2 protein chains.
Amino acid sequence: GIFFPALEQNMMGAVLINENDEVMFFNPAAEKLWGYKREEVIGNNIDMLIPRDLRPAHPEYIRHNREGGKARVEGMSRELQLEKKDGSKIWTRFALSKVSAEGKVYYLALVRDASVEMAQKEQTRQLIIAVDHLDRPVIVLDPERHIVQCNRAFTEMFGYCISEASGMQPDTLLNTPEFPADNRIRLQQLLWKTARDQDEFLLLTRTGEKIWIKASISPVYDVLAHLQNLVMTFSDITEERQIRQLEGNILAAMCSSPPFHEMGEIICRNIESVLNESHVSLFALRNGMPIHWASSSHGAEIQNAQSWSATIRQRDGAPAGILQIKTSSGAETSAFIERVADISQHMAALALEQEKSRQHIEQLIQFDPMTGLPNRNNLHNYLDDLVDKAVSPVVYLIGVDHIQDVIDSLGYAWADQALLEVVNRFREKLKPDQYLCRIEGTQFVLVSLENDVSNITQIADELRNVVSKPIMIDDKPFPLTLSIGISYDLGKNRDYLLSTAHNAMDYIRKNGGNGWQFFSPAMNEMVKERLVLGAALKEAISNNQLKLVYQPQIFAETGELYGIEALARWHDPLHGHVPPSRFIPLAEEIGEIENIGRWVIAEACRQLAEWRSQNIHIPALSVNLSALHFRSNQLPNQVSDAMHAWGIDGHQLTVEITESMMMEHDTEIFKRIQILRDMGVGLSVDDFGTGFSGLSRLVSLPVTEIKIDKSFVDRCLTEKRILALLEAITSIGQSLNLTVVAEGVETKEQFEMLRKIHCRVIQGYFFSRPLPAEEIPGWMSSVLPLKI
Amino acid sequence: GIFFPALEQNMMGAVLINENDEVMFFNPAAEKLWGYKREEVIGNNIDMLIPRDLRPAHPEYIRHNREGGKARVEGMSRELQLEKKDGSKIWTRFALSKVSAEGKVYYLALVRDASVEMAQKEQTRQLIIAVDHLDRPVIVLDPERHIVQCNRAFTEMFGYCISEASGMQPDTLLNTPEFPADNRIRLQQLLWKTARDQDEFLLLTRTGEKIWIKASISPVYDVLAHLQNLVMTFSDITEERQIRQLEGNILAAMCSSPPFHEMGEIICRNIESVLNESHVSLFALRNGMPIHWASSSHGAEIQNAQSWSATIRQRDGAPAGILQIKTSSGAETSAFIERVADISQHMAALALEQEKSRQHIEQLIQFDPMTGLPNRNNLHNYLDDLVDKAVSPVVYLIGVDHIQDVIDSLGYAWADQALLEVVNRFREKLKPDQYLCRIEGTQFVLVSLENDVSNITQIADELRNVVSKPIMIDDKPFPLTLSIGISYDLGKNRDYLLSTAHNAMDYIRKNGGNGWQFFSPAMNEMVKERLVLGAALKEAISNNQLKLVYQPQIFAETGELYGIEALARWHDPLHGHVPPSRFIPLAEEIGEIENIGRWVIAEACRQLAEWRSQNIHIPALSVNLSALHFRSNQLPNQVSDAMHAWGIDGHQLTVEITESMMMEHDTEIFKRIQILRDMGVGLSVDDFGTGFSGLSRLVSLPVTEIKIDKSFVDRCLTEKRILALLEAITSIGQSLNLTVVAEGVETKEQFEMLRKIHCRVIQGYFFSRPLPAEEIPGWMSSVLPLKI
Ligand SMILES: Nc1nc2c(ncn2[C@@H]2O[C@@H]3COP(=O)(O)O[C@H]4[C@@H](O)[C@H](n5cnc6c(=O)[nH]c(N)nc65)O[C@@H]4COP(=O)(O)O[C@H]3[C@H]2O)c(=O)[nH]1
Ligand SMILES: Nc1nc2c(ncn2[C@@H]2O[C@@H]3COP(=O)(O)O[C@H]4[C@@H](O)[C@H](n5cnc6c(=O)[nH]c(N)nc65)O[C@@H]4COP(=O)(O)O[C@H]3[C@H]2O)c(=O)[nH]1
Ligand code: HEM
Ligand code: HEM
Ligand SMILES: [Mg+2]
Ligand SMILES: [Mg+2]
Ligand SMILES: [Mg+2]
Ligand SMILES: [Mg+2]
């Protein structure tokens with residue numbers, strides 16, 4: 001056989017043993033491997049070749065193999081040890097084989113050195129223990145994006161294992177939530193990115209827990225620039241997303257520049273948001289002495305409380321503030337709390353330094369950013385000037401209410417806009433003599449010089465009605481209210497006035513706000529008296545318990561009744577007799593003047609119908625109307641109704657207007673007068689108007705009568721210069737056919753002294769006091785004519 | 001023989017070839033490996049076994065081995081590729097030998113399965129990677145303390161490769177500095193410690209500079225509980241401190257609210273400071289397209305450019321920007337680049353969010369959180385509404401300069417206080433119709449409705465005059481200046497108006513500020529001409545070159561001269577004849593009214609003496625005076641000087657006053673009139689008054705004449721109603737001894753129609769034109785009496 005020397009010189013050392021477990025064949029390669037020679041090996045039991053430990057065990061191993069047979073079993077190639085000539089031990093690769101010839105059974109084992117193979121195995125083990133040491137999960141993927149390798153950190157974080165995850169897609173392996181933010185497409189795009197990339201996803205463990213993980217994919221190529229593998233690393237980011245949220249919230253709040261206390265509160269609550277069940281405190285340095293900035297706690301005692309005290313450093317490096325974090329027993333890692341404190345101190349240094357600079361400047365600042373109004377120091381100086389000038393002012397303290405709603409709904413950048421809108425509305429209505437300033441927060445101070453209750457209440461009502469309509473910001477309505485406190489006293493300092501106004505405003509706010517009040521209950525009760533009087537007047541108007549008293553007018557020469565003027569009168573069961581000089585202006589303030597006008601016109605016309613039933617001529621009847629009455633485009637409707645419902649057509653009715661009405665210039669009012677004048681009813685002007693040119697226009701807008709006021713008539717006795725007034729007034733009387741009326745005559749000498757100027761008619765107490773309608777007919781039939 | 005069946009039963013495939021390269025031995029193991037049949041194999045050439053692609057190359061190796069002698073070496077045993085009958089490719093293990101038999105050349109080959117070999121090698125390859133990708137330096141130590149495995153992170157961090165660090169001690173590798181001494185003791189105790197341990201050390205690198213290292217050592221035992229290997233991990237301290245400082249600095253930068261490009265720049269320089277010799281670029285995605293955001297100041301390039309790219313996202317999957325960071329290879333470490341890039345992305349996201357929020361807010365803000373004034377949006381809305389209403393407004397653009405000195409001296413807060421003071425000064429003067437707004441910076445816009453040139457000049461002068469008093473801040477003066485551009489055009493839009501106003505303001509500011517001008521050259525020319533005329537008027541008044549003219553006043557009945565009136569006329573060589581209706585209002589605006597008053601009174605008395613030198617009776621003289629003249633407390637001084645210097649005692653002189661003079665109510669003015677009247681000089685009132693009652697009050701301020709306006713006379717015959725005015729006005733004439741003067745008669749019919757009303761005197765063209773003074777004596781002796 002030509003194969004004898006071939007297997008003799010083959011690379012693998014070949015050892016052949018016969019039935020007797022003795023070596024019969026042996027070759028030079030095995031000589032080199034073991035150390036002994038052919039003459040030293042041939043004819044000896046395999047026991048000498050076996051290492052010493054297995055010496056007894058090897059024979060029964062061979063015997064068991066012989067007994068079993070197993071249809072000529074040859075074993076499997078593996079790795080084993082040798083004992084050399086000097087006793088050294090080496091790793092070798094064995095392949096055994098069983099031979100059966102001539103009924104007997106022989107064996108041969110082929111051996112190669114395995115130093116490289118065992119070095120590889122040691123490298124494998126050391127590399128595995130290097131992988132499974134740090135808790136940063138890494139996995140490897142083939143070109144087809146199938147996971148092929150894992151580690152203990154990954155299997156512990158996600159529950160899976162290499163056996164249940166080998167050779168399958170990573171998206172299919174990792175179950176994602178049901179479209180929370182469309183993260184499925186993001187995960188596929190990160191898997192399919194061809195360059196180094198990273199992303200953040202939301203995943204659930206094998207059990208299922210809401211965990212966010214940051215994944216990073218990197219490609220690794222081969223020598224010839226082909227894709228070889230993709231490695232994906234993961235890291236849990238749950239502890240860092242919350243810190244990102246904290247820094248975002250603090251940054252957003254600080255960009256709006258909130259006040260110091262509320263900024264501290266925001267920081268504290270945001271720290272608590274990331275530290276579950278903790279307590280946080282903030283202190284500032286005031287000349288080295290710590291003071292309390294803000295805090296937030298539930299008050300519950302924290303047993304075994306870990307306490308940390310972080311120090312805030314300014315730009316130069318000096319300490320400025322102290323932040324105390326107290327946490328439960330082992331709630332969170334110390335590095336977490338250290339990081340939170342560091343980021344918080346970095347973000348709070350700016351707040352502390354801006355607060356310090358703000359205090360330093362505001363010690364002496366006499367103005368105010370954010371609505372540009374004056375401030376407390378300016379108000380103090382103004383009030384001190386007023387006090388030393390000895391002029392007692394009226395102080396209104398105004399608190400704007402419901403601003404916290406917009407603060408919590410939109411933010412400080414919009415609360416400021418609401419304040420600006422309110423201040424602009426106030427500026428749109430402030431009078432020249434009023435002083436407006438801002439003291440603190442949502443509080444403002446108005447200084448006025450009106451020492452009169454009727455004007456003070458009007459100013460307060462106007463101020464409260466300023467905010468009647470909602471404020472539209474960012475296309476969102478926001479109804480705000482006002483609480484006003486009013487203080488006015490004589491000889492009082494700034495402190496007394498400010499304290500009283502603050503007390504009034506605080507009482508209104510505590511009771512519910514949306515209103516105004518005085519101090520000084522004695523002055524407060526007058527408002528209740530006025531409201532009850534006005535309610536009684538309105539009730540009387542509605543119930544028609546009002547009256548008309550008629551005073552005649554007489555001629556100078558013939559002593560004949562020129563006409564009468566109807567005057568409104570009122571008597572209440574509770575308030576007695578209310579003079580018309582009192583309750584007519586009261587109706588102007590309320591708004592019942594129109595109701596008065598309709599009643600008087602209807603009653604006066606109806607009374608003329610009653611007098612016409614019997615024999616009474618009554619040439620004319622004068623009825624007073626107010627300026628606010630004539631401002632409406634409804635007068636001819638009711639007046640025409642009066643005439644044609646009782647046959648009192650306008651040649652008998654007469655209407656007199658106030659002097660101030662001609663002072664005003666309204667085209668619509670004048671046209672209504674001209675329409676009314678053309679109907680037949682006359683027009684009369686009291687107080688002789690204002691000027692000849694105006695009365696010349698009153699000649700253009702035709703009238704019939706001119707009335708000389710009582711004050712002018714009374715002064716005619718002494719002031720001899722005003723005689724030409726009546727002479728000129730009467731001159732226009734016959735110049736263009738006007739009837740002049742003398743009012744308030746009281747003595748005979750007055751009647752004779754106005755006779756020479758030729759006053760057309762005379763109306764006064766020298767002839768008759770006003771009389772109730774039930775004896776108007778008696779007066780006509782009794783004294784007519786009179787002494788002339 | 002007995003070895004051929006043994007060779008057949010060898011479980012490894014065995015083949016043997018000769019010079020002819022035929023296969024003579026193909027055992028069942030080889031059958032199971034390849035798949036070919038024994039008959040198909042025996043006698044064939046190697047070509048039915050050689051791989052197809054290596055077929056062109058194999059005969060070259062055949063020739064090399066068959067010709068070149070390699071000392072009859074067996075060869076090499078290694079892994080190789082086999083293709084199955086179907087075509088699949090597997091890897092097997094080959095051992096080849098060269099045997100010489102019968103003087104010939106024979107080649108022998110043994111082949112295994114090697115499936116597990118493939119698995120082991122591929123897993124080693126897959127596992128060395130993801131050791132090379134762990135972010136921290138981990139090294140595995142054998143029990144006898146020799147480094148066996150070092151990862152890529154450690155390799156690039158310290159600079160000691162695997163070849164240099166294989167089988168040698170960690171202290172000898174990372175030799176620490178001799179100073180201090182305790183380092184060696186500490187590191188030996190750490191290295192030979194058997195428990196998990198951590199510490200800090202001062203290890204040294206191949207190239208130089210010190211690195212402070214946190215070192216951790218952990219053990220790894222075996223099944224039999226003996227130290228099998230140990231693991232050591234390293235971390236750096238300077239790097240983590242730098243990351244913390246970077247995050248803090250960028251957060252502090254954001255909290256101060258800088259602009260977008262400034263924010264990008266500060267981020268860029270922070271990354272530059274934390275990472276040496278790098279270039280950083282930022283792009284922001286607008287409408288899906290990137291735009292440059294910030295870049296390195298060093299615009300050049302550095303060799304060995306390694307680039308890292310990050311995608312800035314914003315709370316969603318939508319990309320928001322791109323970051324590129326480039327650094328030279330070998331300068332720093334991959335983990336440091338990872339960390340800096342990640343933190344930069346997470347901070348730039350906040351920067352982008354803040355920019356977006358600020359832009360959204362500013363798009364809708366309607367007021368100013370500073371000075372409280374309206375802002376550019378409100379101004380735009382106002383101008384748009386006015387243009388839609390089709391009313392052309394006058395736009396003043398005001399720039400306040402000399403404000404940098406306040407910033408340099410005191411600071412930003414005091415600059416804001418000065419700006420507030422200026423705005424308050426504007427508010428204390430703006431009229432109800434005008435509209436004030438702040439656009440930006442030290443610039444404001446005023447909108448007015450009056451389009452008169454004189455009114456605009458008055459408004460501009462008033463605006464410029466308010467800054468004359470220096471701003472008192474902290475008891476320190478601070479002068480400022482105003483540059484005002486006036487734009488006014490018909491039918492133009494707000495863009496054109498604002499552009500023209502800004503052009504004018506910039507022109508003034510560049511030329512030096514402290515002034516105002518129109519945008520229109522024609523308007524500038526008009527202003528220049530008016531100023532030239534005013535200067536000419538002042539020069540003429542100073543150079544006594546004015547002249548007076550006298551218009552006779554005649555008696556209605558006797559045709560005898562009642563008196564004459566002096567009127568001032570001005571003649572200029574350049575401007576010709578300027579009517580008094582043109583240059584008298586100009587004197588009021590300038591301030592020459594007083595000078596005109598003295599000249600007229602002094603000249604009239606001097607002229608009165610000249611007429612009295614010869615025989616002229618001249619019963620009276622009427623001299624016009626202005627209200628502003630009478631408001632000065634000096635009138636009796638010069639007037640009394642006039643009488644006693646020419647013997648012209650007030651029984652002749654007469655002063656006529658404007659109607660508006662009696663409209664005003666000043667006690668000092670009224671007293672001065674009474675003092676003046678008591679001297680003997682008469683008083684005349686033109687255009688009557690607001691009311692005849694005022695004339696009755698004026699009775700206490702004795703008057704002698706009343707003048708009827710020309711407009712009333714010119715409309716007398718057309719409007720028969722105004723006849724009563726003259727009838728009443730004359731009636732007052734004999735009521736209290738007054739003379740009525742009719743001014744402006746032109747025809748005989750007008751004169752006779754005023755005769756029935758018995759007007760006392762007549763002054764008009766029907767009798768005589770205003771006569772120059774040289775022929776007054778001739779007119780007296782030639783025409784009088786006119787005999788009607
Ligand atoms: N000492 C004195 N007084 C005399 C003399 N002759 C008349 N009087 C008084 O002069 C007033 C005339 O009313 P008036 O001047 O229009 O001024 C009226 C008018 O302005 C207002 N008034 C009265 N009735 C009405 C009404 O129905 N409507 C309106 N709108 N105002 C009314 O009330 C004012 C006061 O009315 P009365 O209290 O009735 O006071 C009456 C009357 O009593 C006299 O010789 N001596
Ligand atoms: N067409 C016409 N005009 C007639 C007639 N009768 C008089 N006049 C004009 O009436 C004016 C009289 O001056 P005035 O009414 O006080 O109104 C004067 C006065 O307000 C002002 N003025 C003139 N001289 C002086 C002066 O020395 N001082 C002041 N302060 N104002 C003066 O100039 C105004 C008018 O300028 P004059 O040219 O003086 O206009 C003169 C005169 O020309 C007539 O029948 N027909
Ligand atoms: C340094 C030399 C040797 C070592 C270290 C060694 C070791 C071992 C050991 C530990 C076993 C136990 C079972 C196993 O591991 O599969 C075994 C099995 C066996 N050995 Fe050895 N052996 C050596 C030499 C030989 C030789 C030259 C033969 C020649 C026939 C032989 C015959 C056997 C047989 C027949 C089995 C039975 C395997 C079975 O039944 O599965 N041993 N060997
Ligand atoms: C799948 C089958 C085979 C493969 C992949 C293969 C591959 C190679 C390669 C790459 C070489 C270059 C030298 C080296 O790598 O050591 C080589 C050389 C050689 N091959 Fe093969 N061969 C194959 C089949 C065979 C067979 C069946 C024989 C039978 C004798 C053979 C005999 C030789 C010899 C003698 C050399 C010379 C080695 C030297 O001179 O370094 N080859 N073969
Ligand atoms: Mg009345
Ligand atoms: Mg009256
Ligand atoms: Mg005049
Ligand atoms: Mg005149």
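Calculation notes
- Residues numbered from 1 in each chain as written, not as in the entry; some residues may be left out.
- Chains lettered and ligands numbered in written order.
- Heavy atoms only, no water.
- Helix = DSSP H or I, 4+ residues; strand = E, 2+ residues; numbered from the N terminus.
- Buried < 20%, exposed > 50% of the residue type's maximum accessible area, 1.4 Å probe, protein only.
- Contact = heavy atoms within 4.5 Å.
- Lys, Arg positive; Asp, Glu negative; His and termini not counted.
- Charge placed at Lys NZ, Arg CZ, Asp CG, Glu CD.
- Buried area = accessible area lost by both parts, 1.4 Å probe.
- Polar contact = N/O pair within 3.5 Å; in protein donor to acceptor, adjacent residues only side chain to side chain.
- Expected span 1.5 Å × (residues − 1).
- Arc of directions from axis to C-beta.
- Pairing = 2+ DSSP bridges.
- Axes fitted to C-alpha atoms, helices over the stretch in contact; angles between N-to-C directions.
- Donors = N, O, S within 2.8 Å, 3.2 Å for Na, K, Ca; no water.
- Near = heavy atom within 4 Å.
- Areas by Shrake-Rupley, 256 points an atom, 1.4 Å probe, with all protein chains shown as cover.
- Nonpolar A, V, L, I, M, F, W, Y, C, P; charged D, E, K, R; others polar.
- Salt bridge = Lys/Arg side-chain N within 4 Å of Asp/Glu carboxyl O.
- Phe/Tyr/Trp six-rings, centres within 6.5 Å; stacked < 30°, edge-to-face > 60°.
- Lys NZ or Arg CZ within 6 Å of the ring centre and 35° of its normal.
- Domains from an automatic or database assignment.
- Left-handed = near helix turned anticlockwise from the far one by under 90°.
- Core = buried A, V, L, I, M, F, W, Y, C linked by side-chain atoms within 4.5 Å.

As deposited, the entry is annotated with cryo-EM as its determination method and 3.11 Å as its resolution.

## Structural notes on the overall build of chain A
Each helix and strand in chain A was counted, giving 30 helices and 32 strands. For chain A, the C-alpha atoms occupy an extent of roughly 185 × 65 × 50 Å along the three principal directions. Burial status across chain A gives 47% buried among its 788 residues. By sequence separation, contacts in chain A at least 24 residues apart represent 57% of the contacts at least 6 residues apart. The averaged location of the 104 negative side-chain charges in chain A is 3 Å from the averaged location of its 78 positive side-chain charges.

## What about the interface of chain B and chain A?
Contacts between the two partners involve 104 residues from chain B, matched on the other side by 104 residues from chain A. Between chain B and chain A, the buried area comes to about 9400 Å², and carbon and sulfur atoms account for 65% of it. It is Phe3(B), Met11(B) and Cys255(B) in chain B that bury the most area against chain A; as a group they hold 7% of the surface buried on that side. For the interface between chain B and chain A, the tally reads 19 residue pairs in polar contact.

## Concerning helix α11 (residues 260–274) of chain B
All names here are of chain B. Taking 1.5 Å per residue as the helical rise, α11 with its 15 residues ought to reach 21 Å, and the 21 Å between its terminal C-alpha atoms agrees with that figure. All buried positions along α11 are accounted for by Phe260, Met263, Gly264, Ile267, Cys268, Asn270, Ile271 and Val274. Relative to the axis of α11, the buried residues are bounded by an arc of 160° and lie together on one face. Residues of α11 that are exposed and point more than 90 degrees away from the buried face comprise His261 and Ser273.

## A word on the sheet that holds strand β8 (residues 213–221) of chain B
Residue and element names in this part refer to chain B. If you walk across this open sheet you meet the five strands as β6-β5-β9-β8-β7, and the pairing is antiparallel. For this open sheet the edge positions go to β6 (147–150) and β7 (197–201), each flanked by a neighbour on one side alone. Each strand of the sheet is rotated relative to its neighbour by a mean of 25°, with strand direction disregarded. Of the strand pairs in this sheet, β7 and β8 are connected by five bridges, and their pairing is antiparallel. Residue pairing in the sheet places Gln198 in a bridge with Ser216 of β8. The strands touched by helix α9 (residues 182–192) within the sheet are β7, β8 and β9 (227–236), with β7 carrying the most contacts at an inclination of about 155°.

## Quick notes on the coordination of the magnesium ion (ligand 8)
Residues and elements named next belong to chain B. Only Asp686 (OD) and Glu743 (OE) from the protein reach the magnesium ion (ligand 8) as donors, at distances of 2.0 Å. Here the magnesium ion (ligand 7) and the magnesium ion (ligand 8) are spaced 4.2 Å from one another. Pair noted here: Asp686 is in strand β24 (residues 682–686) and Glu743 is in strand β26 (residues 739–743), with a separation of 57 residues, a long-range link.

## A short note on the site of ligand 1
Residue and element names in this part refer to chain A. Around ligand 1, a shell composed of 13 residues is seen, among which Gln551, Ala568, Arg569, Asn624 and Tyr765 lie nearest. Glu565 is positioned with one of its side-chain polar atoms (N or O) 3.3 Å from an oxygen atom of ligand 1. Side-chain polar atom of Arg569 to an oxygen atom of ligand 1: 2.5 Å apart, as the coordinates give it. Burial of ligand 1 by the protein amounts to 74% of the accessible area it has alone, namely 800 Å². The leading source of residues in the shell around ligand 1 is strand β23 (residues 561–569), at four residues. For the shell around ligand 1, the class distribution of residues is six nonpolar, four polar and three charged.

## Some remarks on the pattern of salt bridges
Evaluation of the coordinates by the stated rule reveals 62 salt bridges over all chains. One salt bridge in this structure joins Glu743(A) and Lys707(A), with 3.0 Å as the shortest N-O distance. Of this pair, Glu743(A) sits in strand β30 (residues 739–743) while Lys707(A) is found in strand β29 (residues 705–708), placing the two residues 36 residues apart along the sequence. For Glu743(A), a relative accessible area of 14% puts it in the buried group. Salt-bridge contacts for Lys37(B) lead to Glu39(B); the nearest nitrogen and oxygen are separated by 3.6 Å. Residue classification places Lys37(B) among the partly exposed positions, given a relative accessible area of 39%. Each of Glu79(A), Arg93(A), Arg112(A), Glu117(A), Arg93(B), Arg112(B) and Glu117(B) takes part in salt bridges that share partners, so that together they form one network.

## A word on the sheet that holds strand β14 (residues 319–327) of chain A
Residues and elements named next belong to chain A. Taken in spatial order, the four strands line up as β12-β11-β14-β13 in an open sheet, and their pairing is antiparallel. The open sheet has two edge strands with one neighbour each: β12 (289–296) and β13 (306–313). The sheet shows a mean angle of 20° between the axes of neighbouring strands, taken without regard to direction. The pairing of strand β11 (residues 278–286) with β12 spans seven bridges and is classified as antiparallel.

## Quick notes on the packing of aromatic side chains
Think of a pair of aromatic rings as described by two things: how far the centres are apart, and how the planes are tilted against each other in angle. Throughout the structure, instances matching the rule amount to 35 aromatic pairs over all chains. Judged by centre distance (5.8 Å) and plane angle (65°), the ring pair of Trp570(A) and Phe583(A) falls under edge-to-face. Highlighted residues: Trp570(A) in the loop between β23 and β24 (571–572) and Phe583(A) in helix α20 (residues 580–590), separated in sequence by 13 residues. In this pair, the class of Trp570(A) matches that of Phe583(A), namely buried. Seen in terms of ring centroids, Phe766(B) and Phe767(B) are 5.1 Å apart; in terms of plane orientation they differ by 80°. Their pairing is edge-to-face. Aromatic rings pair up to connect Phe3(A), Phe4(A), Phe25(A), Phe3(B), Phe4(B) and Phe25(B) into one cluster. Cation over ring: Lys492(B) sits above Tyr496(B), and NZ or CZ is 4.1 Å from the ring centre.

## Some thoughts on the domain arrangement of chain A
Domain annotation for chain A reports domain 1 (3–115), domain 2 (132–236), domain 3 (258–362), domain 4 (376–519) and domain 5 (545–778). Taking only C-alpha atoms into account, the centre of domain 2 of chain A sits 101 Å from that of domain 5 of chain A.

## Details of the packing of helix α6 (residues 115–131) of chain A against helix α5 (residues 115–128) of chain B
Helix packing for two helices is described by the angle between their axes and how far apart those axes are. Viewed as axis vectors pointing N to C, α6(A) and α5(B) meet at an angle of 35°, and their least axial separation amounts to 10 Å. Our pair here, α6(A) against α5(B), has a crossing hand that is left-handed. Of α5(B), the residues touching α6(A) (which contributes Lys121(A), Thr124(A), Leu127(A), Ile128(A) and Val131(A)) are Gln120(B), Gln123(B), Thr124(B), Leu127(B) and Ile128(B). Residue composition of the contact of α6(A) with α5(B), by class: five nonpolar, four polar and one charged.

## Quick look at the nonpolar core
Buried together is how nonpolar side chains tend to be arranged in soluble globular proteins. Ranked by size, the top nonpolar core spans 170 residues in total, and within it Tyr550(A), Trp611(A), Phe692(A), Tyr550(B), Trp570(B) and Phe630(B) carry the most contacts. If we ignore the near neighbours within four places in the chain, the residues touching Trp611(A) are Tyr550(A), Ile564(A), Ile616(A), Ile618(A), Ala773(A), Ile776(A) and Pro777(A). Within the second largest apolar cluster, 68 residues are counted, among which are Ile250(A), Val274(A), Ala310(A) and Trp308(B).

## Structural notes on the site of ligand 3
Residues and elements named next belong to chain A. Contacts to ligand 3 come from 13 residues, most closely from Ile50, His58, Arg78, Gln81 and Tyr107. A distance of 2.5 Å separates a nitrogen atom of ligand 3 from a polar atom in the side chain of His58. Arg78 is positioned such that a nitrogen or oxygen atom in its side chain is 3.0 Å from an oxygen atom of ligand 3. The set of elements that each furnish at least two residues to the shell around ligand 3 consists of α5 (57–68), β3 (78–83) and β4 (89–99). The dominant element in the shell around ligand 3, judged by the number of residues it contributes, is β3, at four residues. Residue composition of the shell around ligand 3, by class: nine nonpolar, three polar and one charged.

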